[PDB]
Structure formats: C-alpha cells, structure tokens
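Only one chain is shown below, in structure tokens, and it's the form deposited in one PDB entry.
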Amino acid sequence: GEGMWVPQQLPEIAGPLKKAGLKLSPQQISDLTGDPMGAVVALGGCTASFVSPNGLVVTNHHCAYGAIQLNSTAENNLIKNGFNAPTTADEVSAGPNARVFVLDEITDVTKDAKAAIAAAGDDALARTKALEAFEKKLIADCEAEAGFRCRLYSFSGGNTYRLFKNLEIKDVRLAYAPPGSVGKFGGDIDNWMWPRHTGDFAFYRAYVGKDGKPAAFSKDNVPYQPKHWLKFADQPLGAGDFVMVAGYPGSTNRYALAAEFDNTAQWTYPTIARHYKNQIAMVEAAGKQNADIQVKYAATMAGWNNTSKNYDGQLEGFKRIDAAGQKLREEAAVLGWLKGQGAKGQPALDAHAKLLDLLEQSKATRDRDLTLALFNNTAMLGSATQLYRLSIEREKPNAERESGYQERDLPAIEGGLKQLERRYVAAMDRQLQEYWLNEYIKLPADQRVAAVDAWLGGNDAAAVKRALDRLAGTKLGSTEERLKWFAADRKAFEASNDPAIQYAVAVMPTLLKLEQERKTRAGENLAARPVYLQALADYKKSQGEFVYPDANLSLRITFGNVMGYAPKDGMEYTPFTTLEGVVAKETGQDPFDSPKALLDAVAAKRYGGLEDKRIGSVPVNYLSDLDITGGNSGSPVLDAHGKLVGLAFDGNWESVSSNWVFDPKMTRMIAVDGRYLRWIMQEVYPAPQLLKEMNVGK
C-alpha cells in the first residue's frame, strides 16, 4: 500500500510489515548495507541489484538500452537480436558514462546541518548559502578517499539530513539482454498498460581494478565481488503474497499545499504539456524529411512524449479522484487542528502563510521564468551559457564554486559537451529556437527580460527572424569548438564574436539575478517547510497514522501484496499474465513480433519446470499495490523471505496521479516475474552460464 519508507523507520512499522506477510525481521531489512538491501545499487536514474558473488547485476531492459545500442552495429543489431556473454571475457563495455553505485556508509548529519543553517540568522539568501557551504565541505571531506561519491539528502522539507557515501564503480559491462521484442514487447502501445506481457530485464557485470578499487574500463579489470547479492525465490509467488521493492524513487509531492497542487494542475502541467506537444510535432515532421534528425532527436522526442503523456495522465487522474477537493478538505482539517493547538500551533500556521506568500512570488514571474529557462535550454544557448558560467566560477576558489561547476563536476560537464553531438542538428535546433522566441514575444509586457528585449531589438517576427539569422553563425555546433570554450577564460568569452557566446554574455547577469531570487525564496522555504511538515506529521500521528517523507532519490522500501484491481463493476484485472497471453498478442509486426523460439516454446508448452499450477502456466508479469515512481525502474521485487521474485518496470495509467495523491484502489506496480526471466534464459534466448552463476541451472 501507500508509502515510500526510509529503511531506518521500518522497525516502527513492524506491525504493518508483519501483517502484510514479511518473514524477515524489520530490523534485518532496515540494514542499508545488509542482506538483502545492501545488494541494491543505483545506476544513476534506474535501480539494479547484485545477483551473484562475482558482480552480476540485473536491471530492466530499458535501463540497459543505451548500453545495448552503444554496442550494436547495422549488421550486429543487439537491440533486435539480444546479447549474451557466455564467458566474462565476452562482456562488452557499457561505455565511459556507465556507473554502479554501491552504498558504503550512511551518516545522519541533521544536527550539524541545522547548526550551519541557524548560524546564518534572519537573512534567507545567507541561509541558503550556509547550507550550500555546509554541503560542499561535507561532500569534499567524504570524497577525499578516491573511488567514492557522496551525496547529501534533505528529508521532510529539511527536518532530517543524511549523507550517503557510495562506491563509484566505473567499469560496467553488458552481459545479457533478451531480444528487443521480449525486452520491449508491446512497445509504446502497451506503455502504462495492463494486461502486460513484457520481459523487461537485462544484466550487467561490475568490474574494478586488480587492487579492488574502481577504475575506468580496462582489459586488466576483474569482476567486483559484492558483499551481498539477491538469490532467486524457491517459493512460487502467488496472488496475495507479500512483496517488497527497494530502489531510488525520484520525487513525489504528497504533502504539498493545496494551492501548490492547484498551481500545478491548473498552470504547470497544461503549459508544459502544450509546449512539449508543440515541440514533439515539429521534430516528428522534420524527422520524416531528414533521417539524421530523426535518429538524433529520437531520445529527446521520447522524453517529451513521456512527460507530456504523464501530465495529460495525471491531469486525467486528478479529475477521476477529485484531487482538488481532496486536497482542500485535507488541508482544512489540518489547519483547524492547528488552530485547536495552543500558542504552540502558531508557528506552523505562520509557516503555512509564508509558504503561500512564496508561492505567490514564484507565480508572479512564472511565464517569464519558464519560457526563458526553456529558450536557454536549446542546444547552442544551453551550451554557451553553461560554458560561460563555468568560466565565471573558475575564477573563484574551488570550495566557493557553485555546485555543478566544481572540479568534481568537470568530467560530467565535458561528458555532456561531447554527448551533445549525438542529439543536435542545426536545422532542427533553429526550429526550436524559433518556437521559444515566438513564445517569448507573446509574453505579456510585465513578464519580459530587458536584456533579451535589447538583444532582440524589437518584439515582432522580424526581430525573431534577425535573431535566428544572428545565432546561425555560432561555431558551437562542433564538439571540437565546445571543448575549446570548456578550457577558456572568461575574458575570452567576453571578447568573442561568436553570436551564441555573445547572447550568453549579454544575458548572464540576468540569469544570476534570477538565480539569486530563487535562492532567497529557497532560504525562506528552508525556514518554513520543515515547520509545516513537522506539524503535518504530528497531525497524522494524532489521527493514528504513520508518515513517510516524499521521495528524494535516496533508497526506499515499499511493500504490499500481489493483487489485481477492478476498474469497474463486472470486471477485474487478474494479478498475473501468462505465456499464452504473450502469444495471443502476436501479429508478426513490431512491437508484437516475439522471437520464433518463444512462439515455438509456448506452442509446445515447454514450461521448463517453471509453471505455477495456480495459473496453469509460467507467469509473465504481475500487479501489486506497491508504491513506486520514476527512479524505481529496475528495482528488485522481493518476497517475504527477501528472495528475488521480480523486477519493477512500470505502473498502470491510474498510478501516475500518485505523485500528488495515492489511490489505493487503483494504483499498481507492474513487475516482470523472476520465473519469466528464468524461462526466457532457459527456453527462448538461452544463457545457461548465467543461470548457473545464479544457482538456477537445470
């Protein structure tokens, strides 16, 4: 059911865990470096887990997709055919940006963080800067030992701070991927849908140097030896059984003010969806003409289609459950309860009023700020502004540089500058520049930016067309020229005639002022959010309820049971799909073109010892009332005993309004059953040596 629990609080919900069917102790699963949770690793946007003592890792197929594609050629197309490395020497590099993060140490630093913050006083901007300086020093000390990357997380609006130290593994290799018509069966048609029949898995192996320390790719590297790895369930997973997921959910907003919900539902989501559908259409149209565009902008357009449809999907969800009235009523209950407290309820009511004040301030400039951020996020302007800003930060001592522009960030910046070549074509980027400038000049007069108005020299189509002609002269389209600017001094930026640079130099004082205004507001938030969130927690507790923090990229556990749902009277989604359902969907055409070996194996009922008699077949995917969101792709599903029964890979469409509210009736995770992994690797695209490594050989 609902809840993204921090592992440290699982002992306080022993009652619900046990009732749902947990057989390990709460204490055992609260150990973030223990068995099983110490097997869970972060890939940087997806979850994965160790599944052998020789560093084999399992995750979703769409999580490995970049690595599979990276190693594919026209005549050896691994996306379509699959990949298998029968020995560890056959494994292929997932590329210099691939990472496995293994948790080494967690520290609660809440006391020192709150002291660093209090020492700043009444000044909001200085509160933000104190916390920045606190965080930077923490990270720098923690990372002084090579091989580790550290992160500071704020929980519950700044009620709690914890510091995570992770081993940063940098040699990650592909070991297995099923054919793409397994890993992505149903493609975009089945996305967010149940019934689901998708074998969404792939395997990596993690490598380090012979000295046991992380290293970049080298033939001299050997597999990492994890301290904990998951084992396949020996018990067949059935309807009603306990399941739990561990992983790194990104962001939820379950505790937001009602007017914060309203502003999102009424403005943010429709504005963004509209813009993204506009951009999607121009890219789709242009890509039909020019296959270079289509290739290079495909990941980009897919990103847009995702968010755009998630937001149409949340919008729709909000209507179905009347999210607006639900928030207003809940907040009315909380505010009435606080009035009923003393004197001692006042600080939280003042905090509430302040948060509404901050929201009003952000709203006054919201068109200006979004349109300017997205204009500047086009490829050449994003690059020029980012490179000029780095040049400005390089004049400061490293400890004072902005996050994102410190020494420790340089490789990721250099990496981004190269990677841009894979997703940039001038004629397309000009069309996006154009769109955004057209949106800009449509802004009301009080939403404008003086620097941009001066640079344009007017507020009409003619000024737009002049600006595009001016900008077309940039050289920042070559990787080689971007890397020159990466190394360049700010005087060089400020003397340049490159028109993308001159735009950056012209706007940057403005960007810094808007940044400083964001940070002032954030400093106020830092004072008021935690006070309000604590009162929410006390209110919930007075009503008998447990509380969990909104997602914030750190490790969480969610639990529940395997179960379908009923979207209307007279019908039910059943909790499992089966092999024969995969074959009923076959059309012989992408995306419903299963490998022949799969069709043959199902026609023959080669169940390979894996069938569950209760469903009459080998299960494919299953539903459960777990609570996940972006970031949880590739999370292991564990049973009551902490054994692997699945990977998370999606949710139902009704789930996506989850971010704001959690609808217990309808919200379900979709997982791929561990038996289906085993079945594919036995009967369809075989990997007997991996199954042997995981002690599930025939």
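Heads up: residue numbers just count along the shown sequence, starting at 1. Rigid core: the largest C-alpha set superposing within 1.5 Å between the two forms.
There is also a form deposited in another entry; it is not shown, and the following applies to it.
Only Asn84, out of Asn84, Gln314, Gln502, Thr264, shows a C-alpha shift of 2 Å or more between the shown form and the other one on alignment of the rigid core. With the core superposed, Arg490 shows a C-alpha displacement below 2 Å between the shown form and the other one. The Cα position of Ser383 differs by less than 2 Å between the shown form and the other one after fitting on the rigid core. Comparing the forms between the shown form and the other one on their rigid core, the Cα displacement of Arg614 reaches 2 Å or more.
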